Amino acid sequence: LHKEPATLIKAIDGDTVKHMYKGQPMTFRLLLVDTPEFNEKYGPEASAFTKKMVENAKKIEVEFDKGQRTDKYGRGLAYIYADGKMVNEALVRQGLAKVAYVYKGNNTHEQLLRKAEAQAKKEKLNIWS
Ligand SMILES: Cc1cn([C@H]2C[C@H](OP(=O)(O)O)[C@@H](COP(=O)(O)O)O2)c(=O)[nH]c1=O
Ligand SMILES: [Ca+2]
């Protein structure tokens with residue numbers, strides 16, 4: 001896989017963010033995770049986590065996997081990096097997302113994320129508390 005440039009347009013919630021990609025606005029849904037909805041427990045905390053990470057970033061990058069690049073709502077499906085740190089992984093490591101939505105062929109970082117999850121669960125962090 002390869003990283004590609006994007007610039008933040010707006011943080012939306014824990015697992016959705018709007019970026020300008022190839023010069024066009026696109027809402028991205030983070031691959032391989034599920035954050036709680038804002039109205040659910042830890043949802044505001046996930047939203048705030050993601051927002052801080054992407055807002056403070058000097059450099060946003062998008063990384064598509066090998067499969068589907070957009071979902072049925074037209075959202076981009078990617079791994080998102082903030083100054084080289086993967087948002088998707090960081091959410092999981094902090095117990096602010098579960099590994100989820102693992103579809104065959106867009107699952108390159110699955111095992112990386114599951115390892116993060118296991119450590120968040122051992123630590124009894126957030127969702128796992
Ligand atoms: C993360 C992800 C979600 N989706 C779809 C499945 C779910 O469909 P349904 O809307 O029919 O439940 C929805 C979950 O996203 P959200 O967690 O953002 O709601 O998005 C994909 O198709 N591919 C993906 O990789
Ligand atoms: Ca969600």
# chains A, B, ... in the order shown; residues from 1 in each chain; ligands from 1

call {"tool": "select_by_dssp", "arguments": {"residues": "segment 56-106 of chain A", "states": "alpha helix (DSSP H)", "output": "list in words"}}
result
residues 56, 87, 88, 89, 90, 91, 92 and 93 of chain A

call {"tool": "residues_near_ligand", "arguments": {"ligand": "ligand 1", "cutoff": "9 Å", "atoms": "only C-alpha atoms and all ligand atoms", "output": "CSV table (one decimal) with C-alpha atoms, in the first residue's frame"}}
result
chain,number,residue,atom,x,y,z
A,15,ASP,CA,-14.5,7.2,12.4
A,16,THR,CA,-15.5,9.7,9.7
A,29,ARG,CA,-14.8,6.2,6.7
A,30,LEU,CA,-11.8,4.7,8.5
A,31,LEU,CA,-11.1,1.0,7.5
A,32,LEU,CA,-11.3,-1.8,10.0
A,33,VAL,CA,-12.8,0.1,13.0
A,34,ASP,CA,-16.0,1.1,14.6
A,35,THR,CA,-16.2,4.0,16.9
A,36,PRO,CA,-19.4,4.6,19.0
A,37,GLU,CA,-21.9,7.1,17.5
A,68,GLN,CA,-13.1,-1.3,-2.6
A,69,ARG,CA,-12.1,2.4,-2.3
A,70,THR,CA,-15.6,3.7,-1.6
A,71,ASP,CA,-18.6,2.3,0.2
A,72,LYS,CA,-22.2,2.2,-0.8
A,73,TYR,CA,-22.7,5.7,0.7
A,75,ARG,CA,-17.5,7.4,1.5
A,76,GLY,CA,-13.8,6.7,0.9
A,77,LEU,CA,-12.5,3.7,2.7
A,78,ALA,CA,-9.0,4.3,3.9
A,100,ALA,CA,-14.8,-4.2,12.9
A,101,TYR,CA,-16.0,-4.4,9.4
A,102,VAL,CA,-13.2,-6.6,8.3
A,103,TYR,CA,-13.9,-7.5,4.7
A,106,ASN,CA,-9.5,-4.7,2.4
A,107,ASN,CA,-7.9,-6.0,5.4

call {"tool": "atom_distance", "arguments": {"atom1": "atom CA of residue 93 of chain A", "atom2": "atom CA of residue 119 of chain A"}}
result
6.8 Å

call {"tool": "closest_residue", "arguments": {"among": "A:27, A:7, A:111, A:47", "to": "ligand 2", "atoms": "only C-alpha atoms and all ligand atoms"}}
result
A:47

call {"tool": "closest_residue", "arguments": {"among": "A:109, A:58, A:41, A:104", "to": "ligand 2", "atoms": "only C-alpha atoms and all ligand atoms"}}
result
A:41

call {"tool": "residues_around", "arguments": {"residues": "residue 45 of chain A", "least_positions_apart": "5", "cutoff": "12 Å", "atoms": "only C-alpha atoms", "output": "NGL selection string"}}
result
:A and (13-15 or 35-40 or 50-52 or 91 or 94-97 or 126-127)

call {"tool": "closest_residue", "arguments": {"among": "A:46, A:125, A:54, A:60", "to": "ligand 2", "atoms": "only C-alpha atoms and all ligand atoms"}}
result
A:46

call {"tool": "select_by_dssp", "arguments": {"residues": "chain A", "states": "strand (DSSP E or B)", "output": "PDB file with N, CA, C and O atoms, in the first residue's frame"}}
result
ATOM      1  N   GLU A   4      -0.925   8.699   0.291  1.00  0.00           N
ATOM      2  CA  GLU A   4      -1.195   9.779  -0.678  1.00  0.00           C
ATOM      3  C   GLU A   4      -1.604  10.994   0.128  1.00  0.00           C
ATOM      4  O   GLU A   4      -2.201  10.855   1.188  1.00  0.00           O
ATOM      5  N   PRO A   5      -1.300  12.187  -0.374  1.00  0.00           N
ATOM      6  CA  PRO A   5      -1.728  13.398   0.266  1.00  0.00           C
ATOM      7  C   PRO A   5      -3.186  13.639   0.345  1.00  0.00           C
ATOM      8  O   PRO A   5      -3.938  13.315  -0.567  1.00  0.00           O
ATOM      9  N   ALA A   6      -3.598  14.351   1.402  1.00  0.00           N
ATOM     10  CA  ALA A   6      -4.887  14.946   1.529  1.00  0.00           C
ATOM     11  C   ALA A   6      -4.741  16.137   2.511  1.00  0.00           C
ATOM     12  O   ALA A   6      -3.717  16.219   3.228  1.00  0.00           O
ATOM     13  N   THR A   7      -5.742  17.004   2.625  1.00  0.00           N
ATOM     14  CA  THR A   7      -5.755  18.053   3.612  1.00  0.00           C
ATOM     15  C   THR A   7      -7.099  17.923   4.335  1.00  0.00           C
ATOM     16  O   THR A   7      -8.102  17.575   3.736  1.00  0.00           O
ATOM     17  N   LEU A   8      -7.109  18.196   5.608  1.00  0.00           N
ATOM     18  CA  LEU A   8      -8.302  18.162   6.365  1.00  0.00           C
ATOM     19  C   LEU A   8      -9.285  19.187   5.839  1.00  0.00           C
ATOM     20  O   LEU A   8      -8.912  20.357   5.660  1.00  0.00           O
ATOM     21  N   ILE A   9     -10.542  18.788   5.675  1.00  0.00           N
ATOM     22  CA  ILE A   9     -11.646  19.773   5.615  1.00  0.00           C
ATOM     23  C   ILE A   9     -12.361  19.878   6.944  1.00  0.00           C
ATOM     24  O   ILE A   9     -12.468  20.996   7.507  1.00  0.00           O
ATOM     25  N   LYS A  10     -12.846  18.750   7.513  1.00  0.00           N
ATOM     26  CA  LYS A  10     -13.568  18.830   8.783  1.00  0.00           C
ATOM     27  C   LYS A  10     -13.571  17.486   9.478  1.00  0.00           C
ATOM     28  O   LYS A  10     -13.888  16.485   8.853  1.00  0.00           O
ATOM     29  N   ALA A  11     -13.347  17.489  10.774  1.00  0.00           N
ATOM     30  CA  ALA A  11     -13.565  16.304  11.536  1.00  0.00           C
ATOM     31  C   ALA A  11     -15.055  16.140  11.684  1.00  0.00           C
ATOM     32  O   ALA A  11     -15.805  17.142  11.672  1.00  0.00           O
ATOM     33  N   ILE A  12     -15.537  14.895  11.566  1.00  0.00           N
ATOM     34  CA  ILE A  12     -16.960  14.629  11.699  1.00  0.00           C
ATOM     35  C   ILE A  12     -17.284  13.865  12.971  1.00  0.00           C
ATOM     36  O   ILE A  12     -17.990  14.398  13.841  1.00  0.00           O
ATOM     37  N   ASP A  13     -16.811  12.625  13.102  1.00  0.00           N
ATOM     38  CA  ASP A  13     -16.941  11.863  14.322  1.00  0.00           C
ATOM     39  C   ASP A  13     -15.752  10.901  14.491  1.00  0.00           C
ATOM     40  O   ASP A  13     -14.717  11.122  13.877  1.00  0.00           O
ATOM     41  N   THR A  16     -15.238   9.011  10.962  1.00  0.00           N
ATOM     42  CA  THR A  16     -15.509   9.667   9.708  1.00  0.00           C
ATOM     43  C   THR A  16     -14.860  11.058   9.783  1.00  0.00           C
ATOM     44  O   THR A  16     -14.918  11.711  10.777  1.00  0.00           O
ATOM     45  N   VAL A  17     -14.228  11.451   8.677  1.00  0.00           N
ATOM     46  CA  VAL A  17     -13.522  12.723   8.564  1.00  0.00           C
ATOM     47  C   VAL A  17     -13.577  13.152   7.084  1.00  0.00           C
ATOM     48  O   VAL A  17     -13.456  12.332   6.156  1.00  0.00           O
ATOM     49  N   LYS A  18     -13.755  14.444   6.841  1.00  0.00           N
ATOM     50  CA  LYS A  18     -13.792  14.973   5.504  1.00  0.00           C
ATOM     51  C   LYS A  18     -12.471  15.611   5.167  1.00  0.00           C
ATOM     52  O   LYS A  18     -11.929  16.401   5.941  1.00  0.00           O
ATOM     53  N   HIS A  19     -11.885  15.138   4.085  1.00  0.00           N
ATOM     54  CA  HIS A  19     -10.610  15.604   3.600  1.00  0.00           C
ATOM     55  C   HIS A  19     -10.746  15.995   2.154  1.00  0.00           C
ATOM     56  O   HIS A  19     -11.662  15.575   1.446  1.00  0.00           O
ATOM     57  N   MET A  20      -9.856  16.900   1.749  1.00  0.00           N
ATOM     58  CA  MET A  20      -9.706  17.145   0.322  1.00  0.00           C
ATOM     59  C   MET A  20      -8.690  16.160  -0.217  1.00  0.00           C
ATOM     60  O   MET A  20      -7.561  16.134   0.208  1.00  0.00           O
ATOM     61  N   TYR A  21      -9.091  15.367  -1.195  1.00  0.00           N
ATOM     62  CA  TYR A  21      -8.277  14.301  -1.774  1.00  0.00           C
ATOM     63  C   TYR A  21      -8.327  14.439  -3.310  1.00  0.00           C
ATOM     64  O   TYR A  21      -9.393  14.538  -3.935  1.00  0.00           O
ATOM     65  N   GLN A  24     -10.562  17.194  -4.444  1.00  0.00           N
ATOM     66  CA  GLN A  24     -12.013  17.106  -4.207  1.00  0.00           C
ATOM     67  C   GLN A  24     -12.378  16.755  -2.812  1.00  0.00           C
ATOM     68  O   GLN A  24     -11.688  15.938  -2.197  1.00  0.00           O
ATOM     69  N   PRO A  25     -13.483  17.339  -2.314  1.00  0.00           N
ATOM     70  CA  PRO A  25     -13.929  17.007  -0.959  1.00  0.00           C
ATOM     71  C   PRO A  25     -14.408  15.560  -0.943  1.00  0.00           C
ATOM     72  O   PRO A  25     -15.102  15.111  -1.891  1.00  0.00           O
ATOM     73  N   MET A  26     -13.995  14.786   0.052  1.00  0.00           N
ATOM     74  CA  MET A  26     -14.456  13.395   0.163  1.00  0.00           C
ATOM     75  C   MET A  26     -14.626  13.081   1.655  1.00  0.00           C
ATOM     76  O   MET A  26     -13.758  13.409   2.453  1.00  0.00           O
ATOM     77  N   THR A  27     -15.735  12.468   2.014  1.00  0.00           N
ATOM     78  CA  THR A  27     -15.840  11.973   3.397  1.00  0.00           C
ATOM     79  C   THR A  27     -15.208  10.609   3.438  1.00  0.00           C
ATOM     80  O   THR A  27     -15.590   9.728   2.674  1.00  0.00           O
ATOM     81  N   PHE A  28     -14.259  10.403   4.361  1.00  0.00           N
ATOM     82  CA  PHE A  28     -13.638   9.123   4.566  1.00  0.00           C
ATOM     83  C   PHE A  28     -14.192   8.423   5.789  1.00  0.00           C
ATOM     84  O   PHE A  28     -14.413   9.033   6.799  1.00  0.00           O
ATOM     85  N   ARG A  29     -14.455   7.134   5.649  1.00  0.00           N
ATOM     86  CA  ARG A  29     -14.762   6.191   6.719  1.00  0.00           C
ATOM     87  C   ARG A  29     -13.543   5.321   6.951  1.00  0.00           C
ATOM     88  O   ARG A  29     -12.977   4.720   6.057  1.00  0.00           O
ATOM     89  N   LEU A  30     -13.085   5.338   8.176  1.00  0.00           N
ATOM     90  CA  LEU A  30     -11.829   4.658   8.522  1.00  0.00           C
ATOM     91  C   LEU A  30     -12.027   3.142   8.407  1.00  0.00           C
ATOM     92  O   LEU A  30     -12.969   2.537   8.974  1.00  0.00           O
ATOM     93  N   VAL A  33     -12.383  -0.323  11.622  1.00  0.00           N
ATOM     94  CA  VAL A  33     -12.763   0.096  12.989  1.00  0.00           C
ATOM     95  C   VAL A  33     -14.227   0.490  13.063  1.00  0.00           C
ATOM     96  O   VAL A  33     -14.878   0.751  12.012  1.00  0.00           O
ATOM     97  N   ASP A  34     -14.700   0.536  14.305  1.00  0.00           N
ATOM     98  CA  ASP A  34     -16.028   1.106  14.581  1.00  0.00           C
ATOM     99  C   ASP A  34     -15.911   1.885  15.840  1.00  0.00           C
ATOM    100  O   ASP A  34     -15.650   1.306  16.903  1.00  0.00           O
ATOM    101  N   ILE A  60      -1.617  15.286   6.674  1.00  0.00           N
ATOM    102  CA  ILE A  60      -2.582  14.213   6.583  1.00  0.00           C
ATOM    103  C   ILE A  60      -2.234  13.388   5.369  1.00  0.00           C
ATOM    104  O   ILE A  60      -2.003  13.949   4.301  1.00  0.00           O
ATOM    105  N   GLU A  61      -2.276  12.043   5.526  1.00  0.00           N
ATOM    106  CA  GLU A  61      -2.225  11.135   4.423  1.00  0.00           C
ATOM    107  C   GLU A  61      -3.341  10.106   4.449  1.00  0.00           C
ATOM    108  O   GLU A  61      -3.851   9.691   5.526  1.00  0.00           O
ATOM    109  N   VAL A  62      -3.776   9.757   3.259  1.00  0.00           N
ATOM    110  CA  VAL A  62      -4.732   8.726   3.038  1.00  0.00           C
ATOM    111  C   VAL A  62      -4.058   7.502   2.421  1.00  0.00           C
ATOM    112  O   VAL A  62      -3.210   7.613   1.495  1.00  0.00           O
ATOM    113  N   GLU A  63      -4.451   6.310   2.851  1.00  0.00           N
ATOM    114  CA  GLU A  63      -3.901   5.051   2.313  1.00  0.00           C
ATOM    115  C   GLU A  63      -5.026   4.107   2.005  1.00  0.00           C
ATOM    116  O   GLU A  63      -5.683   3.632   2.939  1.00  0.00           O
ATOM    117  N   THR A  70     -14.471   2.977  -2.153  1.00  0.00           N
ATOM    118  CA  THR A  70     -15.639   3.710  -1.643  1.00  0.00           C
ATOM    119  C   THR A  70     -16.713   2.747  -1.247  1.00  0.00           C
ATOM    120  O   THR A  70     -16.794   1.611  -1.761  1.00  0.00           O
ATOM    121  N   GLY A  76     -15.060   7.397   1.155  1.00  0.00           N
ATOM    122  CA  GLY A  76     -13.819   6.739   0.903  1.00  0.00           C
ATOM    123  C   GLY A  76     -13.455   5.797   1.980  1.00  0.00           C
ATOM    124  O   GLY A  76     -13.749   6.134   3.108  1.00  0.00           O
ATOM    125  N   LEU A  77     -12.830   4.686   1.686  1.00  0.00           N
ATOM    126  CA  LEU A  77     -12.495   3.681   2.694  1.00  0.00           C
ATOM    127  C   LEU A  77     -10.972   3.701   2.730  1.00  0.00           C
ATOM    128  O   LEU A  77     -10.320   3.230   1.787  1.00  0.00           O
ATOM    129  N   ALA A  78     -10.404   4.191   3.820  1.00  0.00           N
ATOM    130  CA  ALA A  78      -8.955   4.286   3.892  1.00  0.00           C
ATOM    131  C   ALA A  78      -8.414   4.183   5.275  1.00  0.00           C
ATOM    132  O   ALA A  78      -9.157   4.279   6.292  1.00  0.00           O
ATOM    133  N   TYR A  79      -7.095   3.982   5.342  1.00  0.00           N
ATOM    134  CA  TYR A  79      -6.336   4.239   6.597  1.00  0.00           C
ATOM    135  C   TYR A  79      -5.870   5.682   6.552  1.00  0.00           C
ATOM    136  O   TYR A  79      -5.377   6.177   5.543  1.00  0.00           O
ATOM    137  N   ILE A  80      -6.080   6.416   7.639  1.00  0.00           N
ATOM    138  CA  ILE A  80      -5.752   7.815   7.669  1.00  0.00           C
ATOM    139  C   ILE A  80      -4.585   8.024   8.617  1.00  0.00           C
ATOM    140  O   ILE A  80      -4.541   7.475   9.718  1.00  0.00           O
ATOM    141  N   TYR A  81      -3.594   8.746   8.155  1.00  0.00           N
ATOM    142  CA  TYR A  81      -2.405   9.054   8.972  1.00  0.00           C
ATOM    143  C   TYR A  81      -2.302  10.539   9.296  1.00  0.00           C
ATOM    144  O   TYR A  81      -2.589  11.391   8.427  1.00  0.00           O
ATOM    145  N   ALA A  82      -1.872  10.813  10.524  1.00  0.00           N
ATOM    146  CA  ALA A  82      -1.638  12.165  10.997  1.00  0.00           C
ATOM    147  C   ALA A  82      -0.170  12.243  11.425  1.00  0.00           C
ATOM    148  O   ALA A  82       0.235  11.588  12.377  1.00  0.00           O
ATOM    149  N   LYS A  85       1.289   8.815  11.958  1.00  0.00           N
ATOM    150  CA  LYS A  85       0.612   7.964  12.940  1.00  0.00           C
ATOM    151  C   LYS A  85      -0.763   7.587  12.377  1.00  0.00           C
ATOM    152  O   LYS A  85      -1.546   8.452  12.034  1.00  0.00           O
ATOM    153  N   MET A  86      -1.085   6.309  12.365  1.00  0.00           N
ATOM    154  CA  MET A  86      -2.380   5.883  11.844  1.00  0.00           C
ATOM    155  C   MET A  86      -3.464   6.143  12.879  1.00  0.00           C
ATOM    156  O   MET A  86      -3.449   5.674  14.011  1.00  0.00           O
ATOM    157  N   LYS A  98     -13.531  -0.399  18.291  1.00  0.00           N
ATOM    158  CA  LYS A  98     -13.358  -1.824  18.124  1.00  0.00           C
ATOM    159  C   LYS A  98     -12.886  -2.126  16.697  1.00  0.00           C
ATOM    160  O   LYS A  98     -13.274  -1.422  15.745  1.00  0.00           O
ATOM    161  N   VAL A  99     -12.059  -3.184  16.561  1.00  0.00           N
ATOM    162  CA  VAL A  99     -11.779  -3.724  15.244  1.00  0.00           C
ATOM    163  C   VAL A  99     -13.115  -4.262  14.755  1.00  0.00           C
ATOM    164  O   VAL A  99     -13.827  -4.986  15.462  1.00  0.00           O
TER     165      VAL A  99
END

call {"tool": "closest_residue", "arguments": {"among": "A:3, A:43, A:66, A:123", "to": "ligand 2", "atoms": "only C-alpha atoms and all ligand atoms"}}
result
A:43

call {"tool": "atom_distance", "arguments": {"atom1": "atom CA of residue 1 of chain A", "atom2": "atom CA of residue 64 of chain A"}}
result
7.0 Å

call {"tool": "atom_distance", "arguments": {"atom1": "atom CA of residue 42 of chain A", "atom2": "atom CA of residue 113 of chain A"}}
result
18.8 Å
